[PDB]
There are 2 protein chains.
Amino acid sequence: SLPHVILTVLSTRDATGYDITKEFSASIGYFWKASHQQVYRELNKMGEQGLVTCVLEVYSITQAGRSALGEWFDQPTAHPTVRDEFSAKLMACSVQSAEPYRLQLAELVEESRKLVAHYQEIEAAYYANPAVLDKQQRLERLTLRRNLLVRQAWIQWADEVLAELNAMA
Amino acid sequence: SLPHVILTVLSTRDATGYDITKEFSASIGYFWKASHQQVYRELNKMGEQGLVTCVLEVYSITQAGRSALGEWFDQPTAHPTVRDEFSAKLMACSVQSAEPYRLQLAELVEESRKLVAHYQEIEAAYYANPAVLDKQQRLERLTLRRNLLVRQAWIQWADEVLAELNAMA
């Protein structure tokens with residue numbers, strides 16, 4: 001969860017509250033959405049939990065923090081249960097005016113298209129060739145690639161639905 | 001949510017508690033996972049809410065149920081916030097033994113492959129040609145297609161990660 005995402009950052013090096021939030025508005029934003037607020041609040045809870053401490057010379061991960069990160073890591077991670085809202089709404093189109101849905105779908109497709117374009121721009125600019133990227137960069141690249149492939153798959157699906165919603169009426 | 005998924009069924013025709021659960025272990029299972037238990041329990045809550053009633057001649061949707069389904073339908077449906085656990089674990093591979101992760105990933109890929117095969121078998125057998133399918137079938141077909149495209153996209157991604165986890169070590 002959020003604290004493990006934060007512990008991961010600190011596991012490589014100590015960092016200020018700003019360094020950390022800069023990650024969330026950068027590479028971490030490719031797979032985990034959290035506001036600077038939420039982040040500071042979590043960092044706070046983590047301090048009381050003893051998972052992180054403060055230094056002057058700056059947040060630093062503690063042995064407890066390291067232990068929790070490892071425990072999290074070892075736990076099996078599985079696919080979230082399937083309960084697709086878009087599919088659920090689609091099925092109701094047999095008894096509801098498909099108008100509202102069709103517009104809400106077409107709308108989210110365009111945004112998705114914009115988001116895919118954004119990610120592709122970023123990949124070409126900083127993650128075009130893995131072979132020349134550091135380990136940390138290859139990892140970031142992969143998290144970026146996930147949104148891309150999935151989002152693209154969803155757009156492909158959305159278009160298929162958008163088509164059926166016409167050939168039926 | 002679950003009750004709207006159930007209301008949708010009843011919006012086309014009345015049905016017994018068995019007819020409804022049969023949907024969840026069938027086409028509805030393509031996009032919404034719920035146990036017969038959960039279903040019966042929800043049907044119960046819906047009765048007390050007056051969204052559904054009982055008949056002899058069998059559950060039937062009420063005007064309130066119809067109103068709630070419409071209200072649900074009109075509400076904008078958006079993409080769930082991005083907080084990818086697999087990506088989160090991947091990033092921790094820079095500071096953790098990538099061993100446990102790599103095995104948990106390879107494992108879920110094979111299952112995903114099995115699931116994709118399953119869905120493809122179903123599509124060829126009952127949803128191969130939309131043009132010959134009824135409206136209700138074209139809709140089911142589309143919900144089935146969503147798991148397929150997305151799951152396939154995730155497998156493509158997982159393989160990319162599985163590769164990097166080698167070329168780095």
Side-chain angles (χ1 to χ4, degrees), chain A residues 1-2 4-5 7-8 11-12 28 30-34 69-70 72-74 76-97 100-101 104 108 112 130 135-136 138-143 145-147 149-150 152-154 156-157 160-161 164 167-168, chain B residues 1-2 4-5 7-8 11-12 28 30-34 69-70 72-74 76-97 100-101 104 108 112 130 135-136 138-143 145-147 149-150 152-154 156-157 160-161 164 167-168:
Chain A
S1 44
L2 178 52
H4 307 100
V5 171
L7 289 183
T8 303
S11 294
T12 62
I28 293 185
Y30 300 153
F31 67 89
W32 201 281
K33 190 264 196 58
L69 182 63
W72 167 69
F73 195 83
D74 296 318
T77 162
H79 271 295
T81 304
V82 186
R83 293 176 199 291
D84 187 73
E85 196 73 346
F86 294 108
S87 294
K89 293 286 184 74
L90 217 218
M91 292 311 308
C93 283
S94 81
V95 298
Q96 302 282 65
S97 58
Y101 187 59
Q104 293 174 55
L108 279 183
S112 294
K135 293 184 175 185
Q136 190 56 20
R138 290 203 229 78
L139 293 184
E140 303 179 332
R141 176 179 170 273
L142 290 168
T143 61
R145 305 264 312 149
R146 198 211 119 258
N147 302 290
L149 295 173
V150 174
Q152 277 178 153
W154 186 88
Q156 189 180 308
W157 178 67
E160 282 192 43
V161 173
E164 294 299 312
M168 72 161 274
Chain B
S1 44
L2 178 52
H4 307 100
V5 171
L7 289 183
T8 303
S11 294
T12 62
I28 293 185
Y30 300 153
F31 67 89
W32 201 281
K33 190 264 196 58
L69 182 63
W72 167 69
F73 195 83
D74 296 318
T77 162
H79 271 295
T81 304
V82 186
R83 293 176 199 291
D84 187 73
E85 196 73 346
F86 294 108
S87 294
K89 293 286 184 74
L90 217 218
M91 292 311 308
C93 283
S94 81
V95 298
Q96 302 282 65
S97 58
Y101 187 59
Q104 293 174 55
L108 279 183
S112 294
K135 293 184 175 185
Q136 190 56 20
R138 290 203 229 78
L139 293 184
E140 303 179 332
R141 176 179 170 273
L142 290 168
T143 61
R145 305 264 312 149
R146 198 211 119 258
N147 302 290
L149 295 173
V150 174
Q152 277 178 153
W154 186 88
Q156 189 180 308
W157 178 67
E160 282 192 43
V161 173
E164 294 299 312
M168 72 161 274

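Just so you know, these numbers use all the heavy atoms, side chains as well, and skip hydrogens, waters and symmetry mates. Sequence lines set the chain letters: A, B, ... in the order given, protein chains first and strands last, and positions in each chain run from 1.
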> chain A: which of B/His4, B/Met168, B/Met91 shares the most heavy-atom pairs with it under 4.5 Å?
Replying inline: B/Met91
> Of the backbone (N, CA, C, O) and the side chain (C-beta and beyond), which part of A/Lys135 lies under 4.5 Å from a heavy atom of chain B, both, or neither?
Replying inline: side chain
> So, do B/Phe86 and B/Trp154 sit near enough that their side-chain heavy atoms are less than 4.5 Å apart?
Replying inline: yes
> Which of the residues A/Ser112, A/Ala78, A/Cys93 is involved in the greatest number of heavy-atom pairs with chain B at under 4.5 angstrom?
Replying inline: A/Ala78
> Which one of A/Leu90, A/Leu7, A/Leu2 has the most heavy-atom pairs closer than 4.5 Å to chain B?
Replying inline: A/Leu90
> For A/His79, is it the side chain, the backbone, both, or neither that has a heavy atom closer than 4.5 Å to a heavy atom of chain B?
Replying inline: both
>> Can you tell me which portion of A/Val161 sits under 4.5 Å from chain B's heavy atoms? Options are side chain, backbone, both or neither.
In response: both
>> Can you list everything that forms a ring-ring contact (aromatic ring centres under 6.0 Å, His included) with A/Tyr101? Sequence neighbours excluded, please.
In response: none
>> As an exercise: rank B/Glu140, B/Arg141, B/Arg83 by heavy-atom pairs under 4.5 Å with chain A and give me the winner.
In response: B/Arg83
> So which of B/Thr143, B/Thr77, B/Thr8, B/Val95 has the biggest tally of heavy-atom pairs under 4.5 Å with chain A?
Replying inline: B/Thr77
> For A/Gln152, is it the side chain, the backbone, both or neither that has a heavy atom under 4.5 Å from a heavy atom of chain B?
Replying inline: neither
> So which part of B/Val5 gets closer than 4.5 Å to some heavy atom of chain A, the side chain, the backbone, both or neither?
Replying inline: side chain
> Which residues satisfy the side-chain contact (heavy atoms from CB on, under 4.5 Å) test with A/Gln96, sequence neighbours excluded?
Replying inline: A/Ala92, B/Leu69, B/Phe73
> A/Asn147 side chain to A/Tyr30 main-chain N or O, any donor-acceptor pair under 3.5 Å?
Replying inline: yes
> A/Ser1 versus chain B, heavy atoms under 4.5 Å apart: side chain, backbone, both or neither?
Replying inline: backbone
> What residue in B/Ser11, B/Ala167, B/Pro80, B/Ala88 has the most heavy-atom pairs under 4.5 Å with chain A?
Replying inline: B/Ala88
> Can B/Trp32 and A/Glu85 be counted as having a side-chain donor-acceptor contact under 3.5 angstrom?
Replying inline: no
>> For chain A, which candidate among B/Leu108, B/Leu142, B/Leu149 shows the most heavy-atom pairs at distances under 4.5 Å?
In response: B/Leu142
> chain B heavy atoms under 4.5 Å from A/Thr81: which part of the residue, side chain, backbone, both or neither?
Replying inline: side chain
>> How close do B/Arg146 and A/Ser87 get, counting heavy atoms only, and between which atoms?
In response: CD-OG, 3.6 Å
>> Heavy-atom pairs under 4.5 Å with chain A: which of B/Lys89, B/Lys33, B/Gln136 has the most?
In response: B/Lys89
> If you look at every heavy atom in A/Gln104 and B/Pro76, which pair is closest and at what distance?
Replying inline: OE1-CA, 2.8 Å
